[PDB]
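The listed protein sequences derive, respectively, from chains A and B.
Residue numbering for the first sequence follows the UniProt record's numbering, beginning at 565 and increasing consecutively.
Residue numbering for the second sequence follows the UniProt record's numbering, beginning at 4 and increasing consecutively.
Don't be surprised by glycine CBs; every beta carbon is placed ideally from N, CA and C.
Here the structure comes first, spelled out in structure tokens, and everything after it is commentary.
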Amino acid sequence: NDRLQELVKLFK
Amino acid sequence: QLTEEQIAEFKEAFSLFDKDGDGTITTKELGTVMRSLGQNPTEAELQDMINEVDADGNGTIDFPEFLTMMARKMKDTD
């Protein structure tokens, strides 16, 4: 689930 | 390098926002997820963020253009 959190930061 | 697996990894992130599964993330989907992220952006903020990725000017982000943004940042390892 960590990867999803990282990918979410790239969306910001 | 954009591998097949990576395309699927991006899909997981896309579906995180696209709840109903329409294939296009609107301000409603964004606002809902943003709140769970611990933030609370206003309507103007949400729409402005959409315009950042939307290079078409339709007011919505789809999978194709979503990939463009992700790849643009992933191609930089510095």
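When we look at the beta-carbon of residue i and count the other beta-carbons within 10 Å, is it buried (16 or more) or exposed?
| i | result |
| --- | --- |
| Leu-33 of chain B | buried |
| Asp-59 of chain B | exposed |
| residue 2 of chain B | Only positions 4 to 81 of chain B appear in this structure, which leaves residue 2 of chain B out of reach. |
| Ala-16 of chain B | buried |
Would you verify that the beta carbon of residue i is, or is not, closer than 8 Å to some beta carbon of chain A?
| i | result |
| --- | --- |
| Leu-5 of chain B | no |
Could you say which of the options lies nearest to residue i if we only look at CA atoms?
| i | options | result |
| --- | --- | --- |
| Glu-46 of chain B | B:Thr-35, B:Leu-19 and B:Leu-40 | B:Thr-35 |
| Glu-570 of chain A | B:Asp-23, B:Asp-57 and B:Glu-12 | B:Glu-12 |
| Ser-39 of chain B | B:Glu-55, B:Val-56, B:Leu-19 and B:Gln-50 | B:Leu-19 |
| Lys-576 of chain A | B:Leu-5, B:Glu-7 and B:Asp-51 | B:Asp-51 |
| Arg-567 of chain A | B:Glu-7, B:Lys-14 and B:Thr-80 | B:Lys-14 |
| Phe-69 of chain B | B:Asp-79, B:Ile-53 and B:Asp-81 | B:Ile-53 |
| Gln-9 of chain B | B:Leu-49, B:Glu-55 and B:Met-73 | B:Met-73 |
Between the UniProt domain "EF-hand 2" (44-79) of chain B and chain A, which residues of the former have a C-beta closer than 9 Å to a C-beta of the latter?
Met-52, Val-56, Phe-69, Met-72, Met-73, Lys-76 and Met-77
| the region 8-21 of chain B: positions lying closer than 9 Å to chain A by Cβ | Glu-12, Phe-13, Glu-15, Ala-16, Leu-19 and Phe-20
Flag this pair as touching only if the region 22-34 of chain B and the region 57-66 of chain B have three or more C-beta atom pairs under 8 Å; answer yes or no.
yes
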